[PDB]
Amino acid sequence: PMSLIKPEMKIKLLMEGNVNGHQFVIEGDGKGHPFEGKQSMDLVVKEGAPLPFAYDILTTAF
């Protein structure tokens, strides 16, 4: 394939999870520069707030 991905892209995300029995839902809205290898996102806990565990374990999954 000859990629048509643009230098600027947007990102929409929905995460449903459960850690040690704690259910939660997190929504994400972000954007990034595919060819620069950089991206950023605003994450909001919609269900299960406040999370009773380290948020860091979730970050690479967004």
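Note that residue numbering begins at 1 and tracks the sequence as displayed.
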The stretch carrying the higher mean Cα B factor in the deposited entry, 51 to 59 or 2 to 10, is 2 to 10
Hey, what third does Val25 fall into on Cα B-factor, ranked over its chain? middle
So where's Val19 on the chain's Cα temperature factor ranking, which third? middle
Taking the entry's C-alpha B-factors for this chain, is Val45 in the lowest, middle or highest third? highest
